[PDB]
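Only one chain comes next, encoded as structure tokens, the form solved without this ligand.
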């Protein structure tokens, strides 16, 4: 199992947010730590992605664009999984120092999005998703959102996507399963778009609510995320 060996080997380790758990859950505090956490996870997602089989086949500009467009979905999917295996989806395990209970979910003003994510997290139990299926599905999420007008070398992207779908189909090797797993993958995207909308809004009013964005995250939110929210960049859904 060469392919699964590689996915297992490259899987990021623990990322902490740096959150002060002695201060009171304030909107500004929770969100400033979520933004810092997003930057810390991006650093790891970049190194992960670049070690993936075949990823370096993509044009270099397309490499970074694909990582940026898919970052939210990747983080959501992985956090659903951490939640499942750590706390059985009782709470959202964003990081070991940033675990959300209902109260946090309300205080962050992301309650509706958090309930979806915990629902996704519960799915990993309701479907009995294996670690190996989780890893294949996560690698496919990286190849699941692109500009409607295509990437710079779109044939190379299509080839990669095709092969990652095949690897997922093998690991399954039943048609029920593939249907379920592709439906679960599709369910990530509406959640990512809700988070994207929330994040962009927060950046625009960030001065007046006293939330800090790291530079890298501010640049992505102002350059890349609007392309998604304006419909230039859209997810690849399996269904509908």
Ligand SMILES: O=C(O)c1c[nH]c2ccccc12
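Positions refer to the first chain, counted from 1.
In what follows, reference is made to the form solved in complex with this ligand, a form of this protein that is not presented.
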Note to self: Taking any heavy atom pair closer than or equal to 4.5 Å as contact, tell me whether residue 163 reaches this ligand in the deposited bound form.
What the structure shows: yes
Practice problem: Mark residue 167 yes when one of its heavy atoms lies within 4.5 Å of a heavy atom of this ligand in the deposited bound form, and no otherwise. | Solution: yes
Do residue 238 and this ligand come within 4.5 Å of each other in the deposited bound form, heavy atoms counted?
no
- prompt: Can any non-hydrogen atom of residue 190 be found within 4.5 angstroms of this ligand in the deposited bound form?
  reply: no
Residues in 1 to 31 that come within 4.5 Å of this ligand in the deposited bound form by at least one heavy atom, in order, are 3
